[PDB]
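# Examination of the molecular architecture
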Amino acid sequence: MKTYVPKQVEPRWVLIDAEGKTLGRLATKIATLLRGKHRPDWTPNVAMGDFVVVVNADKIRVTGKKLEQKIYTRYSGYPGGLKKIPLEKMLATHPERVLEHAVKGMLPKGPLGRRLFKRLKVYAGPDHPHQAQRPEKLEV
Amino acid sequence: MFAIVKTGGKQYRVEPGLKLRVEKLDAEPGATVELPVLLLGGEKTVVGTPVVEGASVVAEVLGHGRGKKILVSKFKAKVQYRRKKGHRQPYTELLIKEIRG
Amino acid sequence: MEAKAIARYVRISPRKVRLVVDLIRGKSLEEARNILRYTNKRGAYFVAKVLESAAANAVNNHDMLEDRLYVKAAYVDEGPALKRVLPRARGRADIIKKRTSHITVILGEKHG
Amino acid sequence: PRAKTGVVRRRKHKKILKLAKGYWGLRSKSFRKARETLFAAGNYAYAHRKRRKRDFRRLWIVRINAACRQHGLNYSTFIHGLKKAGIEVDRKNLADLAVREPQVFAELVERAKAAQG
Amino acid sequence: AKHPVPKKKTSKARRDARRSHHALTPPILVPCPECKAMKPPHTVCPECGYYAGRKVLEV
Amino acid sequence: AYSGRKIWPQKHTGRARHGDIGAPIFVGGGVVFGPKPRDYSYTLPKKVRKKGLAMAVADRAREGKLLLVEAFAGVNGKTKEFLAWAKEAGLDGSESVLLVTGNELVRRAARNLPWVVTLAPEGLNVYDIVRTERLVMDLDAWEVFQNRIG
RNA sequence: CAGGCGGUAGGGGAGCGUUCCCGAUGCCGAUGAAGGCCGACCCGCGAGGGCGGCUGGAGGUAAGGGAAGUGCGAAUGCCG
RNA sequence: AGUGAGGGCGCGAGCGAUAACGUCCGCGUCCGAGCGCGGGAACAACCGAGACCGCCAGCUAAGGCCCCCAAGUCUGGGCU
RNA sequence: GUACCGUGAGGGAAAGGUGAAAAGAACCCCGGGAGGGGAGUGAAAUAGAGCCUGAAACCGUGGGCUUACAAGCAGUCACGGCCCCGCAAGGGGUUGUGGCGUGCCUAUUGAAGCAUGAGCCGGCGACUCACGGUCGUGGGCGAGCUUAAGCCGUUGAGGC
Ligand SMILES: [Mg+2]
Ligand SMILES: [Mg+2]
Ligand SMILES: [Mg+2]
Ligand SMILES: [Mg+2]
Ligand SMILES: [Mg+2]
Ligand SMILES: [Mg+2]
Ligand SMILES: [Mg+2]
Ligand SMILES: [Mg+2]
Ligand SMILES: [Mg+2]
Ligand SMILES: [Mg+2]
Ligand SMILES: [Mg+2]
Ligand SMILES: [Mg+2]
Ligand SMILES: [Mg+2]
Ligand SMILES: [Mg+2]
Ligand SMILES: [Mg+2]
Ligand SMILES: [Mg+2]
Ligand SMILES: [Mg+2]
Ligand SMILES: [Mg+2]
Ligand SMILES: [Mg+2]
Ligand SMILES: [Mg+2]
Ligand SMILES: [Mg+2]
Ligand SMILES: [Mg+2]
Ligand SMILES: [Mg+2]
Ligand SMILES: [Mg+2]
Ligand SMILES: [Mg+2]
Ligand SMILES: [Mg+2]
Ligand SMILES: [Mg+2]
Ligand SMILES: [Mg+2]
Ligand SMILES: [Mg+2]
Ligand SMILES: [Mg+2]
Ligand SMILES: [Mg+2]
Ligand SMILES: [Mg+2]
Ligand SMILES: [Mg+2]
Ligand SMILES: [Mg+2]
Ligand SMILES: [Mg+2]
Ligand SMILES: [Mg+2]
Ligand SMILES: [Mg+2]
Ligand SMILES: [Mg+2]
Ligand SMILES: [Mg+2]
Ligand SMILES: [Mg+2]
Ligand SMILES: [Mg+2]
Ligand SMILES: [Mg+2]
Ligand SMILES: [Mg+2]
Ligand SMILES: [Mg+2]
Ligand SMILES: [Mg+2]
Ligand SMILES: [Mg+2]
Ligand SMILES: [Mg+2]
Ligand SMILES: [Mg+2]
Ligand SMILES: [Mg+2]
Ligand SMILES: [Mg+2]
Ligand SMILES: [Mg+2]
Ligand SMILES: [Mg+2]
Ligand SMILES: [Mg+2]
Ligand SMILES: [Mg+2]
Ligand SMILES: [Mg+2]
Ligand SMILES: [Mg+2]
Ligand SMILES: [Mg+2]
Ligand SMILES: [Mg+2]
Ligand SMILES: [Mg+2]
Ligand SMILES: [Mg+2]
Ligand SMILES: [Mg+2]
Ligand SMILES: [Mg+2]
Ligand SMILES: [Mg+2]
Ligand SMILES: [Mg+2]
Ligand SMILES: [Mg+2]
Ligand SMILES: [Mg+2]
Ligand SMILES: [Mg+2]
Ligand SMILES: [Mg+2]
Ligand SMILES: [Mg+2]
Ligand SMILES: [Mg+2]
Ligand SMILES: [Mg+2]
Ligand SMILES: [Mg+2]
Ligand SMILES: [Mg+2]
Ligand SMILES: [Mg+2]
Ligand SMILES: [Mg+2]
Ligand SMILES: [Mg+2]
Ligand SMILES: [Mg+2]
Ligand SMILES: [Mg+2]
Ligand SMILES: [Mg+2]
Ligand SMILES: [Mg+2]
Ligand SMILES: [Mg+2]
Ligand SMILES: [Mg+2]
Ligand SMILES: [Mg+2]
Ligand SMILES: [Mg+2]
Ligand SMILES: [Mg+2]
Ligand SMILES: [Mg+2]
Ligand SMILES: [Mg+2]
Ligand SMILES: [Mg+2]
Ligand SMILES: [Mg+2]
Ligand SMILES: [Mg+2]
Ligand SMILES: [Mg+2]
Ligand SMILES: [Mg+2]
Ligand SMILES: [Mg+2]
Ligand SMILES: [Mg+2]
Ligand SMILES: [Mg+2]
Ligand SMILES: [Mg+2]
Ligand SMILES: [Mg+2]
Ligand SMILES: [Mg+2]
Ligand SMILES: [Mg+2]
Ligand SMILES: [Mg+2]
Ligand SMILES: [Mg+2]
Ligand SMILES: [Mg+2]
Ligand SMILES: [Mg+2]
Ligand SMILES: [Mg+2]
Ligand SMILES: [Mg+2]
Ligand SMILES: [Mg+2]
Ligand SMILES: [Mg+2]
Ligand SMILES: [Mg+2]
Ligand SMILES: [Mg+2]
Ligand SMILES: [Mg+2]
Ligand SMILES: [Mg+2]
Ligand SMILES: [Mg+2]
Ligand SMILES: [Mg+2]
Ligand SMILES: [Mg+2]
Ligand SMILES: [Mg+2]
Ligand SMILES: [Mg+2]
Ligand SMILES: [Mg+2]
Ligand SMILES: [Mg+2]
Ligand SMILES: [Mg+2]
Ligand SMILES: [Mg+2]
Ligand SMILES: [Mg+2]
Ligand SMILES: [Mg+2]
Ligand SMILES: [Mg+2]
Ligand SMILES: [Mg+2]
Ligand SMILES: [Mg+2]
Ligand SMILES: [Mg+2]
Ligand SMILES: [Mg+2]
Ligand SMILES: [Mg+2]
Ligand SMILES: [Mg+2]
Ligand SMILES: [Mg+2]
Ligand SMILES: [Mg+2]
Ligand SMILES: [Mg+2]
Ligand SMILES: [Mg+2]
Ligand SMILES: [Mg+2]
Ligand SMILES: [Mg+2]
Ligand SMILES: [Mg+2]
Ligand SMILES: [Mg+2]
Ligand SMILES: [Mg+2]
Ligand SMILES: [Mg+2]
Ligand SMILES: [Mg+2]
Ligand SMILES: [Mg+2]
Ligand SMILES: [Mg+2]
Ligand SMILES: [Mg+2]
Ligand SMILES: [Mg+2]
Ligand SMILES: [Mg+2]
Ligand SMILES: [Mg+2]
Ligand SMILES: [Mg+2]
Ligand SMILES: [Mg+2]
Ligand SMILES: [Mg+2]
Ligand SMILES: [Mg+2]
Ligand SMILES: [Mg+2]
Ligand SMILES: [Mg+2]
Ligand SMILES: [Mg+2]
Ligand SMILES: [Mg+2]
Ligand SMILES: [Mg+2]
Ligand SMILES: [Mg+2]
Ligand SMILES: [Mg+2]
Ligand SMILES: [Mg+2]
Ligand SMILES: [Mg+2]
Ligand SMILES: [Mg+2]
Ligand SMILES: [Mg+2]
Ligand SMILES: [Mg+2]
Ligand SMILES: [Mg+2]
Ligand SMILES: [Mg+2]
Ligand SMILES: [Mg+2]
Ligand SMILES: [Mg+2]
Ligand SMILES: [Mg+2]
Ligand SMILES: [Mg+2]
Ligand SMILES: [Mg+2]
Ligand SMILES: [Mg+2]
Ligand SMILES: [Mg+2]
Ligand SMILES: [Mg+2]
Ligand SMILES: [Mg+2]
Ligand SMILES: [Mg+2]
Ligand SMILES: [Zn+2]
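Each chain carries its own residue count, running from 1 in the order of its written sequence; this scheme can depart from the entry numbering, and residues that have no coordinates do not appear. Think of it this way: whatever chain is written first is A, whatever ligand is written first is 1, and the rest follow in order. Scope of values: the displayed chains only, which are part of a larger assembly. Note that the side-chain values use all heavy atoms of the structure and ignore hydrogens as well as water.

For chain F, the name recorded in the PDB entry is 50S ribosomal protein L4, with Thermus thermophilus as its organism. Looking at the PDB record, one finds the entry titled "E. coli release factor 1 bound to the 70S ribosome in response to a pseudouridylated stop codon". UniProt positions are given in the numbering used here, feature names are shortened, and annotations may be inferred rather than shown by experiment. Annotation of chain F in UniProt includes, under Subunit, the sentence "Part of the 50S ribosomal subunit."

The name recorded for chain A in the PDB entry is 50S ribosomal protein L13, from Thermus thermophilus. In its Function section, UniProt records this for chain A: "This protein is one of the early assembly proteins of the 50S ribosomal subunit, although it is not seen to bind rRNA by itself. It is important during the early stages of 50S assembly." Under the UniProt heading Sequence similarities, the entry covering chain A gives this text: "Belongs to the universal ribosomal protein uL13 family."

Okay, structure coming up:
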């Protein structure tokens, strides 16, 4: 008696509103969905997660002085090439990234994890363009 | 109707007519043996605590046999240590006849 | 039906001939003649001789018609190498391999 | 009497290259690289047979959990309720039920709930 | 100079990989307007000796 | 047969270190522990030798395959003559025979049979008796055997 | 039935295979020896041993014993 | 027979500078030979635990239960 | 005892195998030749002289699976896909994604080690033998056991 393995299956689009939610505690869940681990037929070597659409990302919330004090870095390969950006500034420019970035670092590394990351759809402001898939508004 | 049975220290979901390979039993081939039922599903739903009282699954032993050879090898480095063992796990094949209960 | 030809113990290095042979493989006997006619390599000579020897064998030996011939298969195999001593500075000596080839051409008919 | 090597060493060598079919480059063409690779392979099998067991328990657990939270309770307490109610159905089967027999899993949920408070 | 030297034999994969570009190009050719024999363009025909209508050299 | 020269200097060649090319490590070099002439013989206790010789005739006695004859009648020398006689002693040659006798002529007759092994009495030995199905002996030779042992 | 069974140096035990000897004036062999190449088959814990297909073309060596130039992956080993 | 280069850690001393992945002894332990398994990101010797083989069964240890990553975004009560 | 090396004394190789029989391939064809394609000989030419068998490294041609947003001691466990063998169920090949993953040897307190050895394959390659010891062991005889050289016999015979 072998374990059930699901056959290729229709995805499930979903909608999240990020206004007011705590950055970390939200993405911890967006990852959970993306990965698929809420479906009882879950399967680790295939992409069977949800598609997540997130809106009002620009209005995510953080505790503490993280607005000014938390610092997003990235290298550049050149000498002196380390760039360091305070959260304030990132929200000011590309607020989408803040959530994007937070969720990414919670997804598996490698081919599949990079594919699951593409199923995340983050927008600042209340409007998203995926009216076509009619995403089921999620609550938690 | 389906049954969750328990034999050879493991559990399997059976239906009548299921060909099942299991840990080696004593029955002569062609003998029929009763297997304890842990749960009955399908139309009824009877749930064992741990075992369902009246139930039983009648199965017939088709035959015994050795599984394919699993070659078990050991190797520690810089220490001249190698071992080759050839494991062929024994089993019993059952045809599931019916589900009493 | 197919017709074969093999020039062998040809004193040229295989990688070099094999370069030319790849030009004509799968080609028609007419492109092949044209291609080798103007391939700026030394190997062109030898592959050409085999390609012509095959075509002869095709019609003179195997009842096949010249207007339908094509290079169905062709290859070069390494032959025994002529080994040679090359004296280097400070007394050292090297071995030069003057390599050789076994050039094979296989022609078929096809009527498309 | 002289007992020259003869046929023996080839036969050993061929025996092992036979095993190493599929291996990459010299690991399938060189006896000495074949052997080395095989050493590893043997140990990976032995250790992975052990791991395979853990791996499936994890998989099953992840599913039983998912199925659980549909009925609004975690695997944590589900298992517990299933224990205090003397159920002995294992995870390999719990998980197959969670998928193939929703209505039965759903029942086992109510039972577990019942027998912990 | 201190005599640089290959640290490892090149693998068959990596050798042949390098030669992915070594492949030869078929001679580019055109038919002669006169004798219709194939020949390289912009060159005087070796078969009939004509170029640009005129007979250039005698074959 | 090689020289004793060190084929090349100990250091700074980049080759491995060597001595003469008669070193067993070279092809064509000497052999490490190859065979040299030998005496495989040894002096088995005389008492043992006798005791087994008697014991061999015993094994053949118990089997019944021992036969004593006082003389072979027809045999004047030729093989067919023995074949005649052998027929009568019931030696049809379906089984091997050790023929022990002092009689020069009789051994001559039986000799070329591929089922017969000829022997003088002095030559009795336990190998030859074991590797034959049947024992057949002169009374004149039995005397020798009885005398050896004792 | 009960218990034990990680293991370097090292000690002990039981086996596998190579060449040769007896077994042999035998038995197997052109209806194909040895050797080679395959195999998802059989037996063996394993070293191995069989069976089948292809090659090969003249040898082979049983049960039971005997004897050793008896098993290689490394020696900047030797030869090719 | 092998061993007669040991090492780390805890504890007790000498040397040292109440330095050293220091050194020298003593008691114990483990690595050595358990660079096999779980934890401690990674890590001989710290925590857990002494691997005969098989299983798509179960319980626990250390350590853990928000995501990467198995299990509580558990329940009270404080502090920052 | 040559080739070759060395002024010299001296050093010192490699190299055996068509087939029972040369019947050793006339003649035609391509080619300057070499070499091949027909033909012919033979049981066999996948015995064609660079000749019995013809392993491995190594080099090609053809086919199946696979690969151009994934970072790797090259494997392994699982699932899935394609191709193939299979009445069935089962299997072979390949590998997309997921899990796990510090070559072998030696020397070492300790090595994946940026310590040693190995380009790869094939073959040669190291605990022997004699005499004497000391234990164990299979036997023979036992207050006794046992012969050495040699002599006789044999010519794989033993006796004295
Ligand atoms: Mg879905
Ligand atoms: Mg839905
Ligand atoms: Mg708003
Ligand atoms: Mg700058
Ligand atoms: Mg800087
Ligand atoms: Mg900025
Ligand atoms: Mg990671
Ligand atoms: Mg995106
Ligand atoms: Mg908007
Ligand atoms: Mg909108
Ligand atoms: Mg928009
Ligand atoms: Mg939708
Ligand atoms: Mg049903
Ligand atoms: Mg079955
Ligand atoms: Mg009954
Ligand atoms: Mg089987
Ligand atoms: Mg099997
Ligand atoms: Mg170890
Ligand atoms: Mg074993
Ligand atoms: Mg090509
Ligand atoms: Mg043309
Ligand atoms: Mg120069
Ligand atoms: Mg050189
Ligand atoms: Mg070179
Ligand atoms: Mg050897
Ligand atoms: Mg492979
Ligand atoms: Mg295991
Ligand atoms: Mg694990
Ligand atoms: Mg377990
Ligand atoms: Mg409770
Ligand atoms: Mg290639
Ligand atoms: Mg180019
Ligand atoms: Mg024109
Ligand atoms: Mg032209
Ligand atoms: Mg000499
Ligand atoms: Mg000297
Ligand atoms: Mg030399
Ligand atoms: Mg030297
Ligand atoms: Mg050098
Ligand atoms: Mg050097
Ligand atoms: Mg050297
Ligand atoms: Mg030497
Ligand atoms: Mg030599
Ligand atoms: Mg010796
Ligand atoms: Mg001697
Ligand atoms: Mg003595
Ligand atoms: Mg004597
Ligand atoms: Mg006489
Ligand atoms: Mg005779
Ligand atoms: Mg005889
Ligand atoms: Mg005689
Ligand atoms: Mg005789
Ligand atoms: Mg005799
Ligand atoms: Mg054994
Ligand atoms: Mg014989
Ligand atoms: Mg014979
Ligand atoms: Mg004879
Ligand atoms: Mg026989
Ligand atoms: Mg014949
Ligand atoms: Mg036959
Ligand atoms: Mg045959
Ligand atoms: Mg092959
Ligand atoms: Mg088979
Ligand atoms: Mg078996
Ligand atoms: Mg045998
Ligand atoms: Mg067998
Ligand atoms: Mg044949
Ligand atoms: Mg054969
Ligand atoms: Mg012959
Ligand atoms: Mg034998
Ligand atoms: Mg036989
Ligand atoms: Mg035997
Ligand atoms: Mg034998
Ligand atoms: Mg014997
Ligand atoms: Mg034997
Ligand atoms: Mg030897
Ligand atoms: Mg070695
Ligand atoms: Mg070597
Ligand atoms: Mg070297
Ligand atoms: Mg050499
Ligand atoms: Mg060399
Ligand atoms: Mg050689
Ligand atoms: Mg060499
Ligand atoms: Mg000592
Ligand atoms: Mg001592
Ligand atoms: Mg000392
Ligand atoms: Mg030391
Ligand atoms: Mg110590
Ligand atoms: Mg200590
Ligand atoms: Mg410490
Ligand atoms: Mg301390
Ligand atoms: Mg102090
Ligand atoms: Mg101090
Ligand atoms: Mg201090
Ligand atoms: Mg300090
Ligand atoms: Mg201080
Ligand atoms: Mg200290
Ligand atoms: Mg101190
Ligand atoms: Mg201590
Ligand atoms: Mg450990
Ligand atoms: Mg220990
Ligand atoms: Mg280690
Ligand atoms: Mg550990
Ligand atoms: Mg760890
Ligand atoms: Mg740490
Ligand atoms: Mg370490
Ligand atoms: Mg440490
Ligand atoms: Mg570790
Ligand atoms: Mg360790
Ligand atoms: Mg701990
Ligand atoms: Mg503790
Ligand atoms: Mg317990
Ligand atoms: Mg537990
Ligand atoms: Mg504790
Ligand atoms: Mg705990
Ligand atoms: Mg955590
Ligand atoms: Mg984990
Ligand atoms: Mg989890
Ligand atoms: Mg010389
Ligand atoms: Mg001859
Ligand atoms: Mg001859
Ligand atoms: Mg010819
Ligand atoms: Mg001509
Ligand atoms: Mg000329
Ligand atoms: Mg012919
Ligand atoms: Mg013919
Ligand atoms: Mg024939
Ligand atoms: Mg043939
Ligand atoms: Mg000749
Ligand atoms: Mg000749
Ligand atoms: Mg020749
Ligand atoms: Mg020639
Ligand atoms: Mg040759
Ligand atoms: Mg050949
Ligand atoms: Mg094709
Ligand atoms: Mg290909
Ligand atoms: Mg990507
Ligand atoms: Mg993998
Ligand atoms: Mg899948
Ligand atoms: Mg396809
Ligand atoms: Mg296909
Ligand atoms: Mg197939
Ligand atoms: Mg079939
Ligand atoms: Mg079929
Ligand atoms: Mg299948
Ligand atoms: Mg497959
Ligand atoms: Mg793979
Ligand atoms: Mg597969
Ligand atoms: Mg990985
Ligand atoms: Mg390490
Ligand atoms: Mg080494
Ligand atoms: Mg280390
Ligand atoms: Mg190294
Ligand atoms: Mg270092
Ligand atoms: Mg160094
Ligand atoms: Mg050193
Ligand atoms: Mg070497
Ligand atoms: Mg080497
Ligand atoms: Mg090196
Ligand atoms: Mg080199
Ligand atoms: Mg040896
Ligand atoms: Mg010794
Ligand atoms: Mg010894
Ligand atoms: Mg020895
Ligand atoms: Mg001795
Ligand atoms: Mg003593
Ligand atoms: Mg003794
Ligand atoms: Mg005694
Ligand atoms: Mg003496
Ligand atoms: Mg005489
Ligand atoms: Mg004499
Ligand atoms: Mg003799
Ligand atoms: Mg003789
Ligand atoms: Mg004597
Ligand atoms: Zn023209």
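## Re the interface of chain D and chain B
Contacts: residue pairs with any heavy atoms within 4.5 Å of one another. Contact with chain D, which involves 22 residues of that partner, is made by 20 residues of chain B. Here the quantity called buried area is the total loss of accessible area, with a 1.4 Å probe, experienced by two parts when brought into contact, counted for both. Together chain D and chain B conceal approximately 1900 Å² of surface at their shared face, both sides included; 56% is due to carbon and sulfur atoms. Criterion for a salt bridge: a side-chain nitrogen of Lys or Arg within 4 Å of a carboxyl oxygen of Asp or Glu. Here chain D and chain B share one salt bridge between them. The shortest N-O distance in the salt bridge between B:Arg13 and D:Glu101 comes to 3.3 Å. Residues adjacent in sequence count toward polar contacts only when both atoms are side-chain atoms; beyond that, a polar contact is any pair of N or O atoms within 3.5 Å, and within protein one must be able to donate a hydrogen and the other to accept it. Joining chain D to chain B, the criterion identifies six residue pairs in polar contact. A run of H or I in DSSP counts as a helix once it spans at least four residues, and a run of E counts as a strand once it spans at least two, with each numbered from the N terminus. The set of elements that each furnish at least two residues to the side of chain D that touches chain B consists of α3 (31-70), α5 (91-100) and α6 (102-114) of chain D. Under the scheme applied, nonpolar residues are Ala, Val, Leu, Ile, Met, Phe, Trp, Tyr, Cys and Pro; charged residues are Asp, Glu, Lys and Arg; polar residues are all the others, including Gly. Residue composition of the side of chain D that touches chain B, grouped by class: eight nonpolar, four polar and 10 charged.

## So, the protein's contact with RNA strand H
Around RNA strand H, a shell composed of 43 residues is seen, among which A:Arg35, A:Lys37, B:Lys74, D:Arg49 and D:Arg57 lie nearest. We call a residue near a molecule or strand as soon as one heavy atom of that residue lies within 4 Å of the molecule or strand. Here, RNA strand H places atoms within 4 Å of the protein, and 76% of those atoms are sugar or phosphate. Taking D:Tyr46, its side chain carries an N or O atom lying 2.6 Å from a phosphate oxygen of RNA strand H. Between RNA strand H and the protein, one listed contact pairs a sugar or linking oxygen with a side-chain N or O atom of D:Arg58 at 3.4 Å. Here the surface near RNA strand H gets 13 residues from one element, more than from any other, and that element is α3(D). Among the residues making up the surface near RNA strand H, the classes are represented as 14 nonpolar, nine polar and 20 charged.

## Notes on a nonpolar patch on the surface
All names here are of chain E. Nonpolar side chains collect at one region of the surface, where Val 44, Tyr 51, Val 56, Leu 57 and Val 59 lie side by side and expose about 380 Å² of accessible area between them. Tracing the chain through its elements places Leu 57 in the segment after β4 (54-55). According to the relative accessible area criterion, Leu 57 is partly exposed, its value standing at 44%. Like charges are joined within 9 Å and nonpolar side chains (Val, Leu, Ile, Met, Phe, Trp, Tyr) within 5 Å, but only among residues with over 30% relative accessible area and no salt bridge; these make up the patches. Computed with the Shrake-Rupley method and a 1.4 Å probe, the accessible areas treat only the protein chains shown as cover for residues. Each residue gets one of three labels from its accessible area relative to the maximum for its type: buried under 20%, exposed over 50%, partly exposed in between, using a 1.4 Å probe on protein chains only.

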